[PDB]
């Protein structure tokens, strides 16, 4: 009479790796690297903004494409490939820095800076920005002389931030089509724009011959004042921006889907997983498992498999 001790085994075991052996066979194992992608931006529980044709920076100045997003509110901003910031040629200085602070802004609220003018025209427009005929950036004013070749008067405009959070201040410098064009819209002679707050001071001169409007920006502290001094070639802010709260920014071509939750996003969609690693995309945003090069890394959840 005998009593024998032993352990279980299975016909089909799983090959795993250890410190001493490669492809050793165990009773069972679990995958640690996530490979299942969702080709969608999962927006359930979120308030998403699909910017579509509108470029993120365009929401601040307001070209035709962005008239829908002059004031937007979301915790998930989706930038699209065909998004455009501008209609008239030009760009933002430190453009990516501005994009990065906007992506987490929680959206923007717009407030009037309360600028009024006399002795000049404020109705500048171009066929490049059509919005039922020729128009301009919805948040900006193109300032010109009273008539062709008329002198543009030396001007000062100030704005104090009354709110309890920083104000995003945008302005533009118009670099005319030609030297002739500059003296036509504004006065003759050198043009200078100087912009001052209590922790920012910068001057700008136009660059005639290269038809473009370049936008510049600063963040104005609560109870601080921006001062604009200019005699032409100046694109004035009509409205300033205030950030609403907190958002996450994503770049994708994947469609939105409000029927699934997700907190990890990439260009190809959403990664939903409890696993510590993923092999889907090395560039992700939000809360993600770490990216690894390996397709599979199996964790033994059973003893060594020894069949008869």
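Numbering follows the first chain given and starts at 1.
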Residue range whose averaged C-alpha B-factor is higher in the record, 81 to 89 or 166 to 174: 81 to 89
Per the entry, higher mean C-alpha B factor between 62 to 70 and 249 to 257: 62 to 70
Of the residues 202, 229, 147, 105, the one carrying the largest Cα B-factor as recorded: 147
Highest recorded Cα temperature factor - choice among 234, 115, 137, 215: 115
B-factor third for the C-alpha atom of residue 43 within its chain: lowest
Ranked C-alpha temperature factor of residue 182 among modelled chain residues, by third: middle
For residue 110, the third of its chain into which the C-alpha B factor falls: highest
Among modelled residues of the same chain, the CA temperature factor third for residue 288: highest
Residue 143 - Cα temperature factor, lowest/middle/highest third of chain: middle
